[PDB]
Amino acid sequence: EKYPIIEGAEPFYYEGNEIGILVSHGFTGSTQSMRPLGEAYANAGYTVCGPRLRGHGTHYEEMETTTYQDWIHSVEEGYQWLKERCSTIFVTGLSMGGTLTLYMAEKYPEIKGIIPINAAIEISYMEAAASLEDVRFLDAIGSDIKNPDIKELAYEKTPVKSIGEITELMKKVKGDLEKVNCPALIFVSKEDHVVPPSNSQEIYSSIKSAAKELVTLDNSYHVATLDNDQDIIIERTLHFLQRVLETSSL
């Protein structure tokens, strides 16, 4: 209990039918940014897993000590929980959660479809910040939200050591984008002040999926899962899941 889980940052698990959705939060963030999506998908009947990434939802000094392999493992552990209960699995995530969504689709051909939201593959400023030798923390990246009455549960500082980890993860995932073949629904905000929207556009044009769509959210900033266009993400995701699940030879 050096670094207890902050109230509202707990992992979430909803037992439903044999179709599972893995839902990943992003870097310095928490499940609080993703639970509205998870609840909506659970209400539609699906089994849902929203893992807490290692070092997240506790303290930024714990995050500072974590590796990108730790964050991958948190997602792999949630994938395993779904595999114990589900025969078909989809993955969705926000920002670095979208990077991890792409990582999973690059590794597992069995994944049925992906829904990355403002996914991160190349952020030149973070590449430079990762190289700072004498700065421990930079400012928070969280709460880039257009609706002024909405707040995100995310850390108040960003560890420089952790920036190096996300930079390495992004480089790996970016290099492997041609391994993605499953249906993809890519959401991107028009005015994202954290992850360049061109990242999602490059994902769209680099993956090999025969079925791909990019949806631009005109009324949201980076944390779109909590922002004005949350309803578009939820409803269009549900339509996408239904269409993939209903696909037949006809």
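Throughout, we count residues from 1 along the sequence that is shown.
A.B. asks: Give the stretch, out of 42-50 and 23-31, with the larger mean C-alpha temperature factor in the deposited entry.
C.D. replies: Higher mean C-alpha B-factor: 42-50.
A.B. asks: According to the deposited model, is the average Cα temperature factor higher in 222-230 or in 13-21?
C.D. replies: Higher mean C-alpha B-factor: 13-21.
A.B. asks: Would you mind finding, among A210, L185, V195, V188, the residue with the largest C-alpha temperature factor in the entry?
C.D. replies: Highest C-alpha B-factor among the listed residues goes to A210.
A.B. asks: State the tercile, meaning the lowest, middle or highest third, of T99 with respect to the CA B-factors recorded for its chain.
C.D. replies: It belongs to the lowest third of the chain when residues are ordered by C-alpha B-factor.
A.B. asks: What third of the chain does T167 rank in for C-alpha temperature factor, lowest, middle or highest?
C.D. replies: Middle third by C-alpha B-factor.
A.B. asks: Using only modelled residues of the chain, where does the Cα B factor of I117 rank: lowest third, middle third or highest third?
C.D. replies: Tercile = lowest for this residue's CA B-factor.
A.B. asks: Could you tell me which third, lowest, middle or highest, the C-alpha B-factor of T158 occupies within its chain?
C.D. replies: It belongs to the middle third of the chain when residues are ordered by C-alpha B-factor.
A.B. asks: Where does the C-alpha B-factor of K151 rank in its chain, lowest, middle or highest third?
C.D. replies: Top third by C-alpha B-factor.
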